[PDB]
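Engineer: 3D model of this:
(11 chains)
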Amino acid sequence: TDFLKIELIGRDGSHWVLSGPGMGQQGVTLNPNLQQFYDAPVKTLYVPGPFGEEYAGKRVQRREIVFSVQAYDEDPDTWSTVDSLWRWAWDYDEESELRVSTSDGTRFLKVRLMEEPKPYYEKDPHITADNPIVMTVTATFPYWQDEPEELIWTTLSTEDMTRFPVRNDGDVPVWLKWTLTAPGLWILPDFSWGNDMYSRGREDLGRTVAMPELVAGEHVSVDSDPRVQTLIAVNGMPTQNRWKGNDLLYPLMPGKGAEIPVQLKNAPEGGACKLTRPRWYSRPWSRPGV
Amino acid sequence: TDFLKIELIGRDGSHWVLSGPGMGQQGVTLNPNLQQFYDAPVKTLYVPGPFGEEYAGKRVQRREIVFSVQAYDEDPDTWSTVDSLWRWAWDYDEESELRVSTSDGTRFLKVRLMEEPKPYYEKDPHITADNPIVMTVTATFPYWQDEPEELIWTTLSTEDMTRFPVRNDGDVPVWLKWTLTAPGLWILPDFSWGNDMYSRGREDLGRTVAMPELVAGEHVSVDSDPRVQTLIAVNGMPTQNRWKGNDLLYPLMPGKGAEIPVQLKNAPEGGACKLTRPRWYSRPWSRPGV
Amino acid sequence: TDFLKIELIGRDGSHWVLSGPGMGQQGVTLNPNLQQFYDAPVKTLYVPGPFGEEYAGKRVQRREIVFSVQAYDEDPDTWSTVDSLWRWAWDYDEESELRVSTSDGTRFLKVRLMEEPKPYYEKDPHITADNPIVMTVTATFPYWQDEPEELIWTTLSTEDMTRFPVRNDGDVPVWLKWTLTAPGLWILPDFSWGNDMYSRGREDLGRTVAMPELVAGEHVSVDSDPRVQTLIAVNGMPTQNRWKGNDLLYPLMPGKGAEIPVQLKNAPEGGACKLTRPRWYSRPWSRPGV
Amino acid sequence: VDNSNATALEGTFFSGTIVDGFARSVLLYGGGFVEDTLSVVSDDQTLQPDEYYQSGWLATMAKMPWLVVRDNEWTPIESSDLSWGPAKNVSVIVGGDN
Amino acid sequence: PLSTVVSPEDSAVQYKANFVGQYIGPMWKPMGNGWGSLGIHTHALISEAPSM
Amino acid sequence: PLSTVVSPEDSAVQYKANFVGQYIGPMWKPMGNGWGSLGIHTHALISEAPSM
Amino acid sequence: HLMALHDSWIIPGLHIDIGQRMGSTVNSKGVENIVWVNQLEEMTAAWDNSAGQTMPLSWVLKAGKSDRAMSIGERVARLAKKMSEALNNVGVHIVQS
Amino acid sequence: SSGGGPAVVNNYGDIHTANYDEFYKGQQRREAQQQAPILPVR
Amino acid sequence: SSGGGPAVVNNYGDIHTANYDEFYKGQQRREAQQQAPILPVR
Amino acid sequence: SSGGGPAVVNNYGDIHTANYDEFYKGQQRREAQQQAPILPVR
Amino acid sequence: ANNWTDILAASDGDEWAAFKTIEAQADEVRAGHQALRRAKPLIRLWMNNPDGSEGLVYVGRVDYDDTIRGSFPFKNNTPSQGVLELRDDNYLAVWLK
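Structural biologist: Residues are numbered from 1 along each chain as shown, chains lettered A, B, ... in the order given. Below, you will see the structure:
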């Protein structure tokens, strides 16, 4: 349909249109009945309680998308070429992009081959030259993504301050990344946004964290997500070692945003700060909510 | 039918009529075969005995309601808006209300997403613009409930007494809540109603418990239900710490009612009392029980 | 079809055309629905993480190919001869070749009887002289193989150097084999090809390792594949025992190739080197990868 | 028998890397010989055993350890448990009656 | 794809080192003498930057 | 079922506006002259903040 | 007495600490009214984030102590520790010949 | 009827519903019964 | 749908896929946590 | 045929017929082999 | 110390409004208690100073969501073992290795 368009960018950069306008131009179409494709799988925890079991929290699970494609052509030789290209568009170690385009925009999922594909019918595929491949791909990161928003602030003054406009339009919290140049003393926001995961939702509403003083050449990446270490110096110096039991604890809660303040001091040659904010969604398409 | 009306009030305050008069006006109707919806699940316990097994007790289990809705509209874009609104009406962390209205009144059940919804058919949903969403919701509190009966008794006397009429018209025991102003020493009833859970059925027929002497500004809420701590003061003082192991032990048994006495002493200003009696039911509709 | 040929070469050297042009000339054809035949079975590993499960790696698995053949002839005596020959073409201890020929070339898989064959119909097979044999064979080495590419470099000089062009056109990493004459100190390349399996992809870009000084008559084979001890001398001497705990670490990754340098020193006679690059593939046919 | 060869004059291999092989160290005894540390032989010139030049030999000589068992994605072995723990007590008291 | 993307091996590289922080860093692998054979000297007697 | 319906205890509230953006915004409802009767004036002659 | 506080309002460490007396009841006929008052002896905070079994951070209390109801392995370990200490003491109290 | 279903699953023994927790607890209880009286009071 | 299939097998608990070696190792690890700090160093 | 039935139950491992008594006895025998020669004779 | 008369005056003589005010205060206290109970733990690794001086030096922090499992007992006068399982791609796991 023209209301929905599904594309694949392979590990090798090949572009396939599986459904929507222009589907099957590269020879591969998408078969019906694809599972765990729309909603992010979440399991909710329950613990014994007086009236049965009490809610204890939720855990998002990785996506296990089982779908099927159909590789077709008029002649078996070109069909074999198309099937080989489709297989080359996938891998186990490295991931490939699966984009969904609707009136709500374009959102992509990074997926990899969970297991070996199951191709062809019971007989040799060169007879029909039109054969289905059963794909079992997995999304380690289960959230559909749009391109993250990047903001740059460069200053020449020794001491300066800026207000980064930040807003979470998605339905799930997101973790911010900072790229800070050196030398200089940086103060970055760690606002709770009302999140009470550390019993300090109101205490940390306007929380700011001071990074250790950076020496020349010690440019840092400060990623708040739990997957990555918070502080990484580009030159390999242990910058986190001088930071005294302190961390960025709070993601950007959905529906919240403000002008977060970033302060720079003691910078003889100024400095640059880059803020990267991901746009994470649990569905391939959804109307904006607030 | 016009004998039953089912509504959902989402986490965002949206109102949907899934069945009954005016159903489907918001685009979503209720499909048949909804399970664990009427009777509260209960498991009975049995010990080995001389004649087989002996009854040991009952435990009420949380509701695991699996039901299907059908989202429909004439055009796929409006269907997409309807589907997004329905998705936004639900959450894992916070509960949405599910109201059943019959000739017995309106009773509501608080339900949350137990896992990710399963939407759409095997093909893309824009083809039909009329697609089913399978929802596995859960009710941690499994009893259908109505708005509680509230009574207020204020006084100006230093020492006074009152009687609150109370009666459990439902089929399950309910736990009373009190709101007591300060200063003052309160004597609250904890009548057994003949219940023999502690082997003190008629021993505790007229049991009254003395709350600790509340200091100025220490207005307390005294909730007898086991989900929550009994004494909580509004100024944050540890009232229960001064309440030397005492507690409210008995709920208001079904079919039981009386004029429960509340006594206030040592209240120079003259305080106020509020009694909240929940209306818990194990079924969406039922005739009153005597 | 004429686009695909399938052959079996038994443990005794017998030749069978199961499918393709000339199929059934020896009396045995191939029935449909053969499984675990095309893609090499791979299982992916996942470890718990904040967003579900994180990628932990991949492991290739052995092939369990269950396929049926049909042995037929006009008269039961000749059918019995055909069936006996087909059974003799198989074994448990030793493997037999299974060759697939397409426009991409001929690739072979070495398979052995995983369990006893299941022959014949419900009645005795002499009634029809046309009976199916269900074979459950296994491939311990799961990749499809082509004949390896071999290069030879000879020198009469005491000290010399050469460059071998090498390129993996398949979809799986291959492990190089060397055959080096003695006496002489050889230095062999162990280029990482950007493989970050040891977190040294860029550090080991031009890694070279020196074999121990070989004494007269101690010609060595240096097989980098993990199924085999790396250094094996022709005269039975313990060369790897002399070699101080070193090893060849990196395979030739898919899509990578260069002129790898081989150095020879302290060789009064002048020596010879042979490089064998295997051609492993994960499917019986595939277009060349770049 | 002495199979580790840790106390020998030439020392043995106490550590190594998969890219450089083994590293030769020798024991150095501090004051009172109670404590022994490891000092690396920067220029290792230990000769190979004569047994390594004999056909049909497979054993490991104590002076020249050779066997490194490597675990990777294509390992031929199955590693099960690699556990390291640090030293515990700085000082020891031994005595009673003299 | 070869025309579109640039390979890491087909890329000119330039490297810097200043030793001004009095730290060797992980980019200098000692050779011959093993770990601990490299150091940074301040040279504070003259008005000069630290050397390696 | 409710004994009485009481107005909710609405707390103290706060609002602010500075007119730094481009247009007026939906937080201001035009009146009398209808929609589109409001605007932002830069006042860059005096070098001052924009006004409504 | 062994308790597991699943979603109880009790906050271990905050409401009650190690060594501090607390009362507990058991819903068993004949001892419903009785409150067993013991000083808190153990409290373990445990969690599991595995996909198979996922247990949120939960606290398990053990009020009072008993050598009798102690597990056999724990009893053997405690006895072994005491025996080793006593053996060291006797050996150091030995009078030389 | 019985032969070839749950009634032969019962003959199979603990193939279907059977948990490890009470089995381990029962083994521990049996070992505790065996060893507790002979363990010293110290 | 859920009641009467694998969704109630989960309620049954460890009737289908459940391993013995991992459970035994987990019990051994819990016992080791309980008893290791009180074992002597001798 | 094999994929999706008892032949993949065998890959699942100890989900169908397997009893706890033999596993416990085997683990006890392994521990006894490990610890018996070092236990004293007293 | 908001007296009942003061609360009633603030609510303009409406007993139901005043009691709803009191109930809201009690609810916010209960919510604070629940948040304190359900707050995530803060796991931090520290090391000795490499130069040999005093004072532990901050290594890093393990996220509760980034753990695999954990178990920390507090015992009365008895040593206890804490167990923390991490994925080997975790940065603190790599540091420890």
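Engineer: got the phi/psi numbers for residue K:8?
Structural biologist: phi -60, psi -40 (degrees, to the nearest 10).
Engineer: dump the residue contacts of it.
Structural biologist: Residue K:8 sits next to K:14-15, K:18 when contact means C-beta atoms under 8 Å, 6 or more residues apart in numbering or on different chains. (Each C-beta comes from the backbone N, C-alpha and C, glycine too.)
Engineer: leaving out the residues flanking it, which one is nearest to the residue nearest the centre of chain K?
Structural biologist: Closest residue to the average C-alpha location of chain K: residue K:39 at 4.0 Å, with C-alpha atoms, centre = their mean. Once flanking residues are discounted, residue K:39 sits nearest to residue A:199: 3.8 Å by C-beta to C-beta, 6 or more residues apart in numbering or on different chains.
Engineer: just to check, the one you found is in contact with residue K:36?
Structural biologist: Yes. Contact criterion C-beta atoms under 8 Å: residue A:199 and residue K:36 qualify, at 4.6 Å.
Engineer: now chain A against chain E: closest residue?
Structural biologist: When scored by C-beta to the nearest C-beta, chain A has residue A:236 as its residue closest to chain E, at 4.5 Å.
Engineer: likewise for chain K?
Structural biologist: residue K:50 (12.3 Å).
Engineer: could you grab the helix/strand/coil label for that residue?
Structural biologist: When classified by DSSP: H, G, I helix; E, B strand; the rest coil, residue K:50 comes out as coil.
Engineer: what are the boundaries of the helices in chain G?
Structural biologist: G:72-93 (DSSP state H).
Engineer: just to revisit the earlier point, between residue A:199 and residue K:36, who's got more neighbours?
Structural biologist: residue A:199 (17 against 14; other C-beta atoms under 10 Å in any protein chain shown).
Engineer: assign the more buried one to helix, strand or coil.
Structural biologist: Under three-state DSSP, residue A:199 falls in the coil class.
Engineer: who's in contact with it?
Structural biologist: K:32, K:35-36, K:39.
Engineer: want to try CSV for those, with distance to residue A:191 as columns?
Structural biologist: Shown next, in CSV, are those (distance: C-beta to C-beta, whole Å):
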residue, distance to residue A:191
K:32, 20
K:35, 17
K:36, 20
K:39, 17
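Engineer: from those residues, which two are the most distant?
Structural biologist: Pairwise distances across the contacts of residue A:199 (C-beta to C-beta) peak at 10.7 Å, for the pair K:32 and K:39.
Engineer: sticking with the residue in chain E positioned nearest to chain D, tell me its helix or strand.
Structural biologist: Using C-beta to the nearest C-beta, the point where chain E gets nearest to chain D is residue E:33, with a distance of 5.4 Å. Taking DSSP states H and E as the definition, one finds residue E:33 inside no helix or strand.
Engineer: most remote residue from the middle of chain K, which is it?
Structural biologist: Distance to centre of chain K, C-alpha atoms, centre = their mean, peaks at residue K:13 (40.5 Å).
Engineer: so what's residue 5 closest to, chain neighbours aside?
Structural biologist: Unless you meant another one, I'm taking chain A. Residue A:5 sits nearest to residue A:20 (C-beta to C-beta, 6+ apart), 3.1 Å away.
Engineer: that's the other chain; I wanted chain K
Structural biologist: Residue K:5 sits nearest to residue B:269 (C-beta to C-beta, 6+ apart), 6.5 Å away.
Engineer: please apply the same query to residue D:5.
Structural biologist: residue D:62 (3.7 Å).
Engineer: host element of the most centrally placed residue in chain D?
Structural biologist: Taking C-alpha atoms, centre = their mean, the centroid of chain D lies closest to residue D:14, which sits 3.2 Å from it. Residue D:14 is located in strand D:12-17, with elements delineated by DSSP H and E.
Engineer: packing partners for that strand?
Structural biologist: strand D:21-29 (3 or more C-beta pairs under 8 Å, 6 or more residues apart in numbering or on different chains; DSSP states H and E).
Engineer: any part of the helix or strand following the strand it packs on near chain E?
Structural biologist: Downstream of strand D:21-29, the next assigned helix or strand under DSSP H and E is strand D:36-40. Yes. Strand D:36-40 comes into contact with chain E (C-beta under 8 Å from any C-beta of the partner chain), by way of residue D:40.
Engineer: now strand D:36-40 against strand D:21-29, angle please.
Structural biologist: 140 degrees (axes from the mean of the first three to the mean of the last three C-alpha atoms, to 10 degrees).
Engineer: thought residue A:11 was touching residue A:90?
Structural biologist: Yes. The criterion here is C-beta under 8 Å, and residue A:11 meets it with residue A:90 at 6.5 Å.
Engineer: higher neighbour count, the two?
Structural biologist: It is residue A:90, of residue A:11 and residue A:90, that has more neighbours when counted by other C-beta under 10 Å, with 21 against 17.
Engineer: and that one, how far from residue B:150?
Structural biologist: 63 Å (C-beta to C-beta, to the nearest Å).
Engineer: same deal with residue A:155?
Structural biologist: Distance from residue A:155 to residue B:150, by C-beta to C-beta: 60 Å.
Engineer: so who does the spatially most central residue of chain E touch?
Structural biologist: Nearest to the geometric centre of chain E sits residue E:17, at 4.4 Å (C-alpha atoms, centre = their mean). Contact analysis of residue E:17 by C-beta under 8 Å, 6+ apart lists E:25, E:27-28, E:52.
Engineer: tabulate the residues you listed (JSON lines), appending distance to residue A:232.
Structural biologist: Formatted as JSON lines, those follow (distance: C-beta to C-beta, whole Å):
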{"residue": "E:25", "distance to residue A:232": "14"}
{"residue": "E:27", "distance to residue A:232": "15"}
{"residue": "E:28", "distance to residue A:232": "20"}
{"residue": "E:52", "distance to residue A:232": "24"}
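Engineer: tell me which two in these are the farthest apart.
Structural biologist: Longest span within these, C-beta to C-beta: E:27 and E:52, 11.4 Å.
Engineer: higher neighbour count, these two?
Structural biologist: residue E:52 (14 against 11).
Engineer: my guess is the residue nearest to residue A:5 meets residue A:29, correct?
Structural biologist: No. With contact defined as C-beta under 8 Å, residue A:20 does not reach residue A:29; the gap is 10.5 Å.
Engineer: pretty sure residue H:27 sits in a helix.
Structural biologist: Yes. Under three-state DSSP, residue H:27 falls within a helix.
Engineer: show me what contacts it?
Structural biologist: Residues near residue H:27 by C-beta under 8 Å, 6+ apart: residue J:24.
Engineer: give the contact list for residue E:21.
Structural biologist: Contacts of residue E:21 (C-beta under 8 Å, 6+ apart): A:215-218, A:237.
Engineer: just the buried ones from those residues?
Structural biologist: A:215, A:217-218, A:237 (16 or more other C-beta atoms under 10 Å in any protein chain shown).
Engineer: show me which of those is closest to residue C:76.
Structural biologist: Looking across these and measuring by C-beta to C-beta, the closest to residue C:76 is residue A:237, at 83.6 Å.
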